[PDB]
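Shown here is one chain on its own, the form deposited in one PDB entry, set out as structure tokens.
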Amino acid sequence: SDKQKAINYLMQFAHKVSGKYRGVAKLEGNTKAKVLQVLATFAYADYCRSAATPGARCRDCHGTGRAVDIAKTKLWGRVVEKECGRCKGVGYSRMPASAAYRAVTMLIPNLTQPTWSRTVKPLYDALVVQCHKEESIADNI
């Protein structure tokens, strides 16, 4: 329910801003609503990802996102740590937008990746941003 609450909140935002994105503004009511549902559900799923997400935990740092910087340790006289190189300091892998793209092709079969990049992905990215911007949208819920 908290998940459904968050998704509906995102969906209201998405409907509000949908007019600004050529790939969705043109879509018919029901198809448009389903495309927005896909985009919001995937954006929220990505926002909620962590090292506890099955399969996501970085293999090299085991989720800490940290690793000793041996060159700096040797030249600075103390143990210095850097961001883990494999996960770029996150500790876990993200869900690429390509997953939402493939999900959306089930509703827009002729959607190509370049046209997705130009005309639909910006809405997806905006929904991810909105997840980060809204405190009420919880990453642990």
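So that there is no doubt, residue numbering starts at 1 and follows the sequence shown. Here the rigid core means the biggest group of C-alpha atoms that line up within 1.5 Å when the two forms are laid on top of each other.
Although it is not shown, the form deposited in another entry is what the next lines describe.
When the two forms are overlaid on the rigid core, CA displacement between this form and the one not shown of 2 Å or more is confined, within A99, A33, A45, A52, to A52. After superposing the rigid core, the Cα of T64 is displaced by 2 Å or more between this form and the one not shown. Core-superposed comparison between this form and the one not shown: CA of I108 displaced by less than 2 Å. In the other form, the CA atoms of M95 and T41 move farther apart by at least 3 angstroms compared with the shown structure.
An increase of at least 3 Å in the separation of the C-alpha atoms of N30 and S136 is found in the other form, compared with the displayed form.
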